[PDB]
Structures are given as C-alpha cells and as structure tokens.
Amino acid sequence: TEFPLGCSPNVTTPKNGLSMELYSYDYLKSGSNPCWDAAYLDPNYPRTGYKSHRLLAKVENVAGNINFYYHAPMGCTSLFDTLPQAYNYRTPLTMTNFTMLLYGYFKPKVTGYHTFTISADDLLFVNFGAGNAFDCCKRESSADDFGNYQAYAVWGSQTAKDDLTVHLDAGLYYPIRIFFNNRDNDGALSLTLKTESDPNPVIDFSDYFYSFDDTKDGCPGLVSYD
Ligand SMILES: CC(=O)N[C@@H]1[C@@H](O[C@@H]2O[C@H](CO)[C@H](O)[C@H](O)[C@H]2O)[C@H](O)[C@@H](CO)O[C@H]1O
Ligand SMILES: [Ca+2]
C-alpha cells in the first residue's frame with residue numbers, strides 16, 4: 001500500500017515514543033537439535049504465540065535510535081546484556097534470545113515519499129498504516145488483527161533486508177507495529193528512514209514516534225487525496 005491511512009488524534013500534547021513489550025524466547029532443552037526454538041517462524045507467533053512466553057516488561061516512551069547490533073560471546077547459550085538507551089529498559093536481559101514488540105504511531109516531519117528500510121537478526125516484521133497495523137485510536141480492540149507485513153526481514157532467508165516506500169503526510173499519525181525476535185546468538189535490529197528531502201538516512205526517531213490513548217469513536221485521518 002503506497003498510500004497508507006493515517007490518523008488525526010487531535011490531542012493537545014501527544015505522548016512521546018512507542019510502547020514496548022518484551023517476552024522470553026527460551027532455548028530448547030539443552031540436548032535439542034537445533035538448540036533454538038523454531039516458534040518464531042510460525043505464522044501466528046507474532047500474533048498469538050508470543051503471549052505463551054513469559055512477559056518480561058511493558059515499557060512506554062521508546063524513542064531515539066532503536067538500532068543495535070549484539071554480538072554473542074558464544075552460540076546456543078543464553079547470555080545477558082542490555083538494550084540501547086532509547087528502549088527505556090536498563091536491566092540485563094537475554095540478548096541472545098528474546099522477543100520484542102513495539103507499537104504506536106509514526107508522524108512525518110515533511111509530506112512526501114518515505115522509504116523505511118529494515119534488517120534483522122533474527123526477525124523483524126513491520127505493519128504500517130491504519131487497518132494494517134491497527135485502527136486509529138482503537139489499538140486495543142484491533143491489536144491482534146494486523147494484516148500483511150509491509151516489510152519483513154528474516155536472518156538467513158532470501159529476504160533478510162526489506163523496505164517500504166510510502167507517501168506520507170506530515171499532518172497525520174501513522175499506526176506502526178514492529179515485531180522482533182532473536183532466536184539465538186547474535187541479535188540485530190536496523191530501522192532507517194530515507195525521504196526525498198534529506199541527503200542521508202534518518203536513524204534517530206525521537207521526534208517521529210508517538211503514543212495515543214484509544215477513544216470510543218476513534219480518530220480516522222482527516223487528510224485524504226483520492
Ligand atoms: C548457522 C550460523 O551461521 N551460525 C550458528 C550460530 O547461531 C546463529 O548465528 C547467526 C549469526 O551468524 C544468527 O544470529 C542466528 O540467529 C543464530 O542461530 C550458532 O549459535 C553457533 C553454534 O553453536 O554457531 C553457528 O552454527
Ligand atoms: Ca540470532
């Protein structure tokens with residue numbers, strides 16, 4: 001979808017950053033082959049399956065540069081380390097093996113074409129736009145109903161890097177959902193943004209990520225171009 005639907009929350013001062021949920025991604029029993037759990041590849045793991053793992057935390061105000069590379073000292077071993085500052089989560093977690101969901105709204109600074117580019121170890125699935133990610137100011141009631149991924153990247157496959165080129169309006173806030181998994185060993189997440197305006201990729205999303213409370217009537221976007 002080249003013209004994704006946006007939202008018009010018309011809230012006085014919007015809340016900065018996305019919401020995050022972290023969940024466990026345990027290795028298989030210590031004599032299993034391979035050592036890692038393959039659930040991350042089942043089609044419903046990003047929808048229902050992650051909820052069968054342990055909730056590690058629900059965090060708010062995730063904003064900044066969310067990109068990271070984590071080098072595991074060794075493979076098939078659950079090891080602890082920390083996420084970047086932007087994630088608002090300071091305590092060590094199993095960086096070798098975990099699940100992470102981010103959701104909220106993306107607001108453009110300038111109207112025009114935006115190319116989001118992603119790469120991941122092991123997995124990054126992105127939904128973007130109302131309906132596709134979730135409904136405007138109706139996130140809780142549409143949370144699990146996200147459609148086809150607007151970008152997807154899986155380590156070791158024939159689509160390990162992906163992009164999404166969309167025409168966006170600076171007036172609107174766009175529902176976004178980002179689902180990440182590290183099954184084992186190294187972990188990495190790269191999201192960048194390229195517009196027809198700037199000369200280089202944007203990697204710091206501080207002024208771009210927002211959160212909005214759900215409302216009874218919702219907040220459909222009030223910019224349309226048919
Ligand atoms: C198969 C491979 O390339 N590497 C194995 C290690 O695990 C993978 O490492 C990659 C990065 O190279 C990804 O992070 C992937 O998610 C991992 O599963 C594995 O842990 C060890 C064996 O102990 O070495 C490689 O076999
Ligand atoms: Ca990995």
# chains A, B, ... in the order shown; residues from 1 in each chain; ligands from 1

call {"tool": "residues_around", "arguments": {"residues": "residue 219 in chain A", "least_positions_apart": "5", "cutoff": "10 Å", "atoms": "only C-alpha atoms", "output": "ChimeraX atom specification"}}
result
/A:6-11,135-138,173,214

call {"tool": "write_last_selection", "arguments": {"atoms": "N, CA, C and O atoms", "output": "short mmCIF file (atom, residue, chain, number, x, y, z; two decimals), in the first residue's frame"}}
result
data_model
loop_
_atom_site.label_atom_id
_atom_site.label_comp_id
_atom_site.auth_asym_id
_atom_site.auth_seq_id
_atom_site.Cartn_x
_atom_site.Cartn_y
_atom_site.Cartn_z
N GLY A 6 -3.69 7.30 7.60
CA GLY A 6 -3.17 7.89 8.83
C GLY A 6 -4.30 8.22 9.78
O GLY A 6 -5.45 7.93 9.50
N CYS A 7 -3.96 8.83 10.91
CA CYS A 7 -4.93 9.14 11.95
C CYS A 7 -4.78 10.57 12.43
O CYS A 7 -3.69 11.15 12.36
N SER A 8 -5.88 11.12 12.93
CA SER A 8 -5.92 12.50 13.41
C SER A 8 -6.44 12.52 14.85
O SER A 8 -7.61 12.80 15.08
N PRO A 9 -5.56 12.20 15.81
CA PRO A 9 -5.99 12.12 17.22
C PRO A 9 -6.46 13.45 17.79
O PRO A 9 -7.23 13.46 18.76
N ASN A 10 -6.00 14.55 17.21
CA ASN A 10 -6.35 15.89 17.68
C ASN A 10 -6.25 15.98 19.22
O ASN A 10 -7.17 16.44 19.90
N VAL A 11 -5.12 15.50 19.73
CA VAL A 11 -4.79 15.57 21.14
C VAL A 11 -3.89 16.78 21.34
O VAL A 11 -3.06 17.10 20.48
N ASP A 135 -6.27 0.06 14.13
CA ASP A 135 -7.23 1.11 13.80
C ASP A 135 -6.94 2.36 14.62
O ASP A 135 -6.45 2.26 15.76
N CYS A 136 -7.25 3.52 14.04
CA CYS A 136 -6.96 4.82 14.65
C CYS A 136 -7.65 5.01 16.00
O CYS A 136 -8.88 5.01 16.07
N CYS A 137 -6.86 5.20 17.05
CA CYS A 137 -7.37 5.39 18.41
C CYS A 137 -8.31 4.26 18.78
O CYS A 137 -9.29 4.46 19.48
N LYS A 138 -7.99 3.07 18.27
CA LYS A 138 -8.72 1.84 18.55
C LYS A 138 -7.72 0.69 18.57
O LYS A 138 -7.98 -0.38 18.02
N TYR A 173 -0.71 10.95 11.91
CA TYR A 173 0.00 9.98 12.74
C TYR A 173 -0.33 8.57 12.26
O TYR A 173 -1.51 8.18 12.23
N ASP A 214 -6.59 5.22 23.24
CA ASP A 214 -7.77 4.87 22.47
C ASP A 214 -8.96 5.72 22.90
O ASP A 214 -9.05 6.18 24.04
#

call {"tool": "residues_around", "arguments": {"residues": "range 119-133 of chain A", "least_positions_apart": "2", "cutoff": "8 Å", "atoms": "only C-alpha atoms", "output": "PyMOL selection string"}}
result
chain A and resi 4-7+40+117+135-136+143+145-155+160-162+174-183+186-191

call {"tool": "write_last_selection", "arguments": {"atoms": "C-alpha atoms", "output": "PDB file, in the first residue's frame"}}
result
ATOM      1  CA  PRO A   4      -1.324   4.121   3.865  1.00  0.00           C
ATOM      2  CA  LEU A   5      -4.154   5.549   6.000  1.00  0.00           C
ATOM      3  CA  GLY A   6      -3.165   7.890   8.833  1.00  0.00           C
ATOM      4  CA  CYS A   7      -4.928   9.141  11.949  1.00  0.00           C
ATOM      5  CA  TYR A  40       9.488 -17.528  15.835  1.00  0.00           C
ATOM      6  CA  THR A 117      14.487   0.128   5.447  1.00  0.00           C
ATOM      7  CA  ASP A 135      -7.229   1.112  13.799  1.00  0.00           C
ATOM      8  CA  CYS A 136      -6.960   4.819  14.653  1.00  0.00           C
ATOM      9  CA  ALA A 143      -4.363  -5.167  18.428  1.00  0.00           C
ATOM     10  CA  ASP A 145      -5.882  -8.073  13.752  1.00  0.00           C
ATOM     11  CA  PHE A 146      -2.893  -6.675  11.835  1.00  0.00           C
ATOM     12  CA  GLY A 147      -2.658  -7.642   8.159  1.00  0.00           C
ATOM     13  CA  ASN A 148       0.132  -8.447   5.701  1.00  0.00           C
ATOM     14  CA  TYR A 149       3.542  -7.174   6.706  1.00  0.00           C
ATOM     15  CA  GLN A 150       4.545  -4.003   4.913  1.00  0.00           C
ATOM     16  CA  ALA A 151       8.134  -5.041   5.450  1.00  0.00           C
ATOM     17  CA  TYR A 152       9.693  -8.261   6.746  1.00  0.00           C
ATOM     18  CA  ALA A 153      13.252  -9.499   7.222  1.00  0.00           C
ATOM     19  CA  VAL A 154      14.499 -12.844   8.454  1.00  0.00           C
ATOM     20  CA  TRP A 155      18.122 -13.727   9.067  1.00  0.00           C
ATOM     21  CA  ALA A 160      16.975 -10.688   5.070  1.00  0.00           C
ATOM     22  CA  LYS A 161      16.561  -6.988   4.259  1.00  0.00           C
ATOM     23  CA  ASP A 162      13.412  -5.217   3.133  1.00  0.00           C
ATOM     24  CA  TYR A 174       0.518   6.510  11.253  1.00  0.00           C
ATOM     25  CA  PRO A 175      -0.097   3.322  13.191  1.00  0.00           C
ATOM     26  CA  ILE A 176       3.066   1.225  13.273  1.00  0.00           C
ATOM     27  CA  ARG A 177       3.844  -2.201  14.715  1.00  0.00           C
ATOM     28  CA  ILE A 178       7.338  -3.640  14.872  1.00  0.00           C
ATOM     29  CA  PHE A 179       7.873  -7.257  15.933  1.00  0.00           C
ATOM     30  CA  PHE A 180      11.389  -8.542  16.593  1.00  0.00           C
ATOM     31  CA  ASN A 181      12.881 -11.896  17.586  1.00  0.00           C
ATOM     32  CA  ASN A 182      16.341 -13.178  18.385  1.00  0.00           C
ATOM     33  CA  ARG A 183      16.293 -16.986  18.488  1.00  0.00           C
ATOM     34  CA  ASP A 186      23.829 -12.527  17.659  1.00  0.00           C
ATOM     35  CA  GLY A 187      20.906 -10.097  17.695  1.00  0.00           C
ATOM     36  CA  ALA A 188      20.486  -7.077  15.457  1.00  0.00           C
ATOM     37  CA  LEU A 189      17.861  -4.539  14.530  1.00  0.00           C
ATOM     38  CA  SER A 190      18.178  -1.808  11.940  1.00  0.00           C
ATOM     39  CA  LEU A 191      15.435   0.626  11.034  1.00  0.00           C
TER      40      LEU A 191
END

call {"tool": "select_by_dssp", "arguments": {"residues": "range 173-208 of chain A", "states": "strand (DSSP E)", "output": "number ranges by chain"}}
result
A: 174-182, 187-195

call {"tool": "write_last_selection", "arguments": {"atoms": "C-alpha atoms", "output": "mmCIF file, in the first residue's frame"}}
result
data_model
loop_
_atom_site.group_PDB
_atom_site.id
_atom_site.type_symbol
_atom_site.label_atom_id
_atom_site.label_comp_id
_atom_site.auth_asym_id
_atom_site.auth_seq_id
_atom_site.Cartn_x
_atom_site.Cartn_y
_atom_site.Cartn_z
ATOM 1 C CA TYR A 174 0.518 6.510 11.253
ATOM 2 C CA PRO A 175 -0.097 3.322 13.191
ATOM 3 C CA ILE A 176 3.066 1.225 13.273
ATOM 4 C CA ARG A 177 3.844 -2.201 14.715
ATOM 5 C CA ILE A 178 7.338 -3.640 14.872
ATOM 6 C CA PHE A 179 7.873 -7.257 15.933
ATOM 7 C CA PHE A 180 11.389 -8.542 16.593
ATOM 8 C CA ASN A 181 12.881 -11.896 17.586
ATOM 9 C CA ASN A 182 16.341 -13.178 18.385
ATOM 10 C CA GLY A 187 20.906 -10.097 17.695
ATOM 11 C CA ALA A 188 20.486 -7.077 15.457
ATOM 12 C CA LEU A 189 17.861 -4.539 14.530
ATOM 13 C CA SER A 190 18.178 -1.808 11.940
ATOM 14 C CA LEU A 191 15.435 0.626 11.034
ATOM 15 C CA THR A 192 16.332 3.648 8.903
ATOM 16 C CA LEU A 193 14.277 6.242 7.053
ATOM 17 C CA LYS A 194 15.016 7.905 3.707
ATOM 18 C CA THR A 195 12.916 10.830 2.393
#

call {"tool": "residues_around", "arguments": {"residues": "residue 16 in chain A", "least_positions_apart": "3", "cutoff": "10 Å", "atoms": "only C-alpha atoms", "output": "NGL selection string"}}
result
:A and (13 or 19 or 60-63 or 104-105 or 206-212)

call {"tool": "residues_around", "arguments": {"residues": "residue 64 in chain A", "least_positions_apart": "4", "cutoff": "7 Å", "atoms": "only C-alpha atoms", "output": "ChimeraX atom specification"}}
result
/A:86,204-206

call {"tool": "write_last_selection", "arguments": {"atoms": "N, CA and C atoms", "output": "PDB file, in the first residue's frame"}}
result
ATOM      1  N   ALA A  86      17.535   4.176  24.206  1.00  0.00           N
ATOM      2  CA  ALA A  86      16.248   4.549  23.615  1.00  0.00           C
ATOM      3  C   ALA A  86      15.084   3.663  24.070  1.00  0.00           C
ATOM      4  N   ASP A 204      17.591   8.254  14.011  1.00  0.00           N
ATOM      5  CA  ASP A 204      17.137   8.701  15.324  1.00  0.00           C
ATOM      6  C   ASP A 204      15.675   9.114  15.197  1.00  0.00           C
ATOM      7  N   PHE A 205      14.775   8.310  15.771  1.00  0.00           N
ATOM      8  CA  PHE A 205      13.333   8.518  15.610  1.00  0.00           C
ATOM      9  C   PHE A 205      12.672   9.238  16.790  1.00  0.00           C
ATOM     10  N   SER A 206      13.465  10.020  17.529  1.00  0.00           N
ATOM     11  CA  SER A 206      12.988  10.772  18.707  1.00  0.00           C
ATOM     12  C   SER A 206      11.734  11.608  18.448  1.00  0.00           C
TER      13      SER A 206
END

call {"tool": "closest_residue", "arguments": {"among": "A:32, A:18, A:47, A:1", "to": "residue 142 in chain A", "atoms": "only C-alpha atoms"}}
result
A:47

call {"tool": "select_by_dssp", "arguments": {"residues": "range 126-191 of chain A", "states": "alpha helix (DSSP H)", "output": "MDAnalysis selection string"}}
result
chainID A and resid 139:142

call {"tool": "atom_distance", "arguments": {"atom1": "CA of residue 94 in chain A", "atom2": "CA of residue 25 in chain A"}}
result
8.4 Å

call {"tool": "residues_around", "arguments": {"residues": "residue 20 in chain A", "least_positions_apart": "4", "cutoff": "7 Å", "atoms": "only C-alpha atoms", "output": "NGL selection string"}}
result
:A and (58-60 or 62 or 101-103)

call {"tool": "atom_distance", "arguments": {"atom1": "CA of residue 57 in chain A", "atom2": "CA of residue 24 in chain A"}}
result
9.9 Å

call {"tool": "closest_residue", "arguments": {"among": "A:108, A:31, A:43, A:156", "to": "ligand 2", "atoms": "only C-alpha atoms and all ligand atoms"}}
result
A:156

call {"tool": "residues_around", "arguments": {"residues": "range 75-78 of chain A", "least_positions_apart": "6", "cutoff": "9 Å", "atoms": "only C-alpha atoms", "output": "list in words"}}
result
residues 26, 27, 30, 34, 35, 36, 94, 95, 96, 97, 184, 185 and 186 of chain A

call {"tool": "closest_residue", "arguments": {"among": "A:37, A:42, A:140, A:21", "to": "residue 216 in chain A", "atoms": "only C-alpha atoms"}}
result
A:140

call {"tool": "atom_distance", "arguments": {"atom1": "CA of residue 196 in chain A", "atom2": "CA of residue 223 in chain A"}}
result
20.4 Å

call {"tool": "closest_residue", "arguments": {"among": "A:215, A:221, A:12, A:166", "to": "residue 112 in chain A", "atoms": "only C-alpha atoms"}}
result
A:166
